[PDB]
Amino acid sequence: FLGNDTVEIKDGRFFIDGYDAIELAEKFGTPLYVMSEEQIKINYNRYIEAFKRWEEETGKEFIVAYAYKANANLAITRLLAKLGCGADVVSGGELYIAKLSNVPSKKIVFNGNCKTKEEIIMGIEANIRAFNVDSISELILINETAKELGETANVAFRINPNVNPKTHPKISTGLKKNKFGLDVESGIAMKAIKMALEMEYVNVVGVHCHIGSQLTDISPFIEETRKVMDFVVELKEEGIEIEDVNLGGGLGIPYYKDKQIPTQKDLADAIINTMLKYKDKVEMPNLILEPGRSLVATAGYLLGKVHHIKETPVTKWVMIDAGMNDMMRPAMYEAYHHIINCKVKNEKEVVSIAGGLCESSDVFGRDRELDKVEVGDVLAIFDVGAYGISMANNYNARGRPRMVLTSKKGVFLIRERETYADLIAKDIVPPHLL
């Protein structure tokens, strides 16, 4: 319900963008991923409507670089591209898909702690907005590679702000124990940027920072912004101007439908206001965010038919043709996902929903109360648009699921399922094993 603005219940049946979920499952088979085109438009517009304030009080641009790793299906990236959205790519493959999705290079940022010469060349030739440099080793490579191409590479800098360990314990730890960014306090971030300014084939264009994911509190974001901006003034004091300020992504999603969490609006006010408090010290730069889950998560639903009902002395198990290989979130993090029966019964019942993989962790939900589950029913799991198909695999020799896009134009198969032949399409038997 909360966050799922395009779904409803017409006459005891679940609907996605007006389409009958049970019928979709019957038409395209199961397991089936269902992405809502409208929901994506809604999630994107909210980010635009809530940040339009930035191109009024600063006269600068606000760019939304969608984090491809959340879902890089061609049809989806294509759709986001058409909406004028940007792209946050983190590998040669995402850059490849981004460019194929017709996403303007001026709206493309490249992240990653291990960028290969191959990926760098791709970024330079494509003339992406910026290379969110992660280390000095990366800068030296980019610069040396641009020299080779005879071109100039745009470089931002992923920094780890001097966050206060007391106020935000986790944010501080995450920025200091991980592999990303250039530490500010130690003077490495400064060392890097200054090192770049003296190179002839790189063009410093900004700074970047990403503090986490699924954060349902503006506090960390306010703190991040402040510490990042504090570094910008420190740069100005050295005679270094920043064109762009990328604060990454990580805004939580309404997985739990009982409690209300911060919206794009709340996040906008927090950042915008914090930013403005520096309207004097430094020129207000372009603002960039790299939302992933907060753009596609609530648009995806996974449908799975129940093939068996197993009753045990302590639990009532509902077995569905959907498994952890199709959607890894539950089994990997024990994370919560709302689950319901696409058919409304005049009776409730507490059960556990599991997949068919021979892995104990292959469970979608426990002790969930749903309308009487019956063999043949189609259950639906919410919020699988982000980190669902993008992390899907063939564990237990199972092909990845089909994907359909529901739009006002109709329902379209945006991803075909894999057959048994696909499972072995990359395998080769040596001669002595034939």
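Throughout, we count residues from 1 along the sequence that is shown.
For the segment pair 177 to 185 and 320 to 328, the entry gives 177 to 185 the higher mean B-factor, averaged over Cα atoms. Remark: stretch with higher mean C-alpha B factor among 5 to 13 and 409 to 417 is 5 to 13. Ranking 88, 362, 334, 134 by Cα temperature factor from the entry places 334 first. Comparing the C-alpha B-factors of 304, 169, 300, 93 in the entry, the top value falls on 169. Per the PDB record, residue ranking by Cα B-factor puts residue 125 in the lowest third of the chain. Per the PDB record, residue ranking by Cα B-factor puts residue 396 in the lowest third of the chain. Among all modelled residues in its chain, residue 117 ranks in the middle third by Cα B-factor.
Residue-level temperature factors show residue 69 in the lowest third of its chain, judged at the C-alpha atom.
Residue 261 sits in the highest third of its chain by CA B factor, as recorded in the PDB entry.
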